[PDB]
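Let me begin by presenting the structure, written as structure tokens, before commenting on it.
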2 protein chains.
Amino acid sequence: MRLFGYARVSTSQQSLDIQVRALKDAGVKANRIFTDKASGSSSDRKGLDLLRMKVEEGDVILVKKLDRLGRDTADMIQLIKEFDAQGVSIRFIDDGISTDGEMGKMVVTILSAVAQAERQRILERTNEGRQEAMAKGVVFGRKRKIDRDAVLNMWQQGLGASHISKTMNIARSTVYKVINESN
Amino acid sequence: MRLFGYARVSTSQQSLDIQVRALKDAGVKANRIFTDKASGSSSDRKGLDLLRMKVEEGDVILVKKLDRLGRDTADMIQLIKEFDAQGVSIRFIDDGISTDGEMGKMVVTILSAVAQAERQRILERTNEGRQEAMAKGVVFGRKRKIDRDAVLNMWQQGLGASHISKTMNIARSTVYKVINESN
DNA sequence: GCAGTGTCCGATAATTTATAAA
DNA sequence: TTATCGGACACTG
DNA sequence: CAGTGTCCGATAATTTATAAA
DNA sequence: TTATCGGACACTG
């Protein structure tokens, strides 16, 4: 049937070639193969997108390794679930992991699980660690740098908010805010 | 064959009983259940080291979920690899996953697929800055702390290495390292 | 003839680069 | 998360 | 209009964690 | 990856 191949790389066009050539080894059609660069689950999906819409059911997507499907293991899982529901099977060449055949159903269910767990593992640790950091008094956020004392002084000296901004090179909002926030 | 149970515990004993109860609700004999309070600090696992010994080929171990059988994915990988070769299988109740014979191999493959996959992704991304910045000239590594000037002075003053270390709380070796750096 | 002296590594330690959330 | 612009949305004058 | 002062969404800069070098 | 630490050898005063 229609066989497709997905590749992706951060910057290394070289690492991409290696994938693409390894993909062709099984799936010859380069028009079907869809590559990507500038990795990002926050915005990068373009190439994969052309793949999505072209891929009908009973199709096979060939990837080189798990680390080539999505930026975050989460993303990868999301796609796997996606294509699967549409009836498309993803087969990771090197890893020998496939989402079709008898294994299929279980492979995906295992995939989602091992991933399910790690997401918690890291979250738990972040929460746990942010708590202690907080208890210790660790201050989060942008370290104040505005010379709040200066803004206040000038203001006391009959100066105008506008001047305090124009000469200090800060926004009127922070100037008024500094004054207003203070006790 | 025997039906055994296992439970790694988060926090402590209080969280435990809930897991030990679920396994009883599953069917494990209330005395054929093994628990481990997640020590964290050291790699010991007393209850588990018992299970690993009472089990003989054919047995079955039941456990609530993947992250209740191991700490880090890598622990599960080999831990499972052990139970498998030994002919023992494990069932992750709330996951459907079972290392039943061949499956065992498939479960571990995923575990080591996602672990290196997630690893590669992260190294993939930082790789940009790691090389760019490195070439650029940013200084990498631990910030220097020992007062090298004072060190070399004492040395230039005729004071021996043993004195320098004692006097400024530095490691004697460091006295030498600092002395050799460019001198 | 008990601390000091160097030369050398294996442990910890600290930090950098990037991203995800917060 | 927290701090800082970046204007927009009024008002009195 | 243009001098204030107000309020808010959209950026910045940081902190925790991840992982490795 | 670079910094420091804590010791180890094999001697040296």
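Take B:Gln157, push a point 7 Å out from Cα through the beta-carbon direction, and compare it with the same point in every other copy: 4.6 nm, smallest first.
Taking only C-alpha pairs under 8 Å that are 6+ residues apart, what is the relative contact order of chain A in percent? Spell out each step's value before the answer.
Numbers: 199 pairs, mean separation 26.9, N = 183.
Taking the mean separation of contacting Cα pairs over the length of chain A, I get 15 percent.
Label-point distances for A:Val139 to the equivalent site in the other copies, using a point 7 angstrom along Cα→C-beta, read 2.6 nm when ranked shortest first. When each of B:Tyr6, B:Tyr176 is scored by the number of other beta-carbon atoms lying within 10 Å, the sequence from fewest to most is B:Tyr176, B:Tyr6. Under 28 Å between alpha carbons, and skipping anything fewer than 8 positions from B:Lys177 in its own chain: which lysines qualify? Correct list for B:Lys177: B:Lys136, B:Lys143, B:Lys145, B:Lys166. Note down the net charge around A:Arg2, summing +1 for each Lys or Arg and -1 for each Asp or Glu among other residues with Cβ under 11 Å from its Cβ. That sum, taken over residues with Cβ under 11 Å, equals 0. Electrostatic bookkeeping for B:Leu16 treats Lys and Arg as +1 and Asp and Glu as -1; over the other residues with beta carbon under 12 Å from its beta carbon, the sum is +3. By other beta-carbon atoms within 10 Å, ranking B:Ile146, A:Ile122 with the fewest at the front produces A:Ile122, B:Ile146. Taking a ≥ b ≥ c as the square roots of the Cα gyration tensor eigenvalues, chain B comes out prolate, since a/c reaches at least 1.5 and a/b is larger than b/c. As I understand it, the value is the acute angle between the Cα axis of helix A:172-181 and the longest principal axis of the Cα atoms of chain A; what does it come to in degrees, rounded to 10? For helix A:172-181, the angle is close to 70 degrees. The calculated 222 nm mean residue ellipticity attributable to helices in chain B amounts to -17000 deg cm²/dmol, summing -39500 (n - 2.57) over DSSP H runs of n ≥ 4 and dividing by all residues. Secondary structure note: in chain A, about 20% of the DSSP beta bridges are antiparallel.
What shape does region A:1-98 have by the C-alpha gyration tensor, where a ≥ b ≥ c are the square roots of the eigenvalues, rounded means a/c under 1.5, and otherwise prolate means a/b greater than b/c and oblate the rest? Verdict is rounded for region A:1-98. Region B:1-49 and region B:148-171 have their alpha-carbon centroids 56 Å apart.
From the phi of every residue in region A:136-149, what ³J(HN,Hα) in whole Hz does the Karplus formula 6.51 cos²θ - 1.76 cosθ + 1.60 yield, where θ is phi - 60° and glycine or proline is x? Result, rounded to whole Hz: 5, x, 4, 8, 9, x, 4, 5, 3, 9, 4, 6, 3, 4.
Among B:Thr11, B:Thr99, B:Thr109, the residue with the largest mean-square fluctuation in a Gaussian network model of chain B, with springs joining Cα atoms closer than 10 Å, is B:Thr11. Each copy carries a label point for B:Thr11 at 7 Å from Cα toward Cβ; from one copy, the others' points are 4.6 nm away, ordered from shortest. Per-residue Cβ neighbour counts within 10 Å put A:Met76, A:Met103, B:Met76 in the sequence A:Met103, B:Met76, A:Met76, beginning with the fewest. Per residue of peptide A:104-117, the mean number of Cβ atoms on other chains within 10 Å of the residue Cβ is 6. Charge tally around B:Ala117: other residues with Cβ under 12 Å, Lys/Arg +1 each, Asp/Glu -1 each, net -2.
In whole Å, what is the distance between the alpha-carbon centres of region B:115-133 and region A:56-127? Taking the Cα centre of region A:56-127 as reference, the centre of region B:115-133 is 20 Å away.
No lab work stands behind these numbers, since they all come straight from the coordinates. We place every Cβ from the backbone using ideal geometry, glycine too, and count neighbours over all the protein chains shown.
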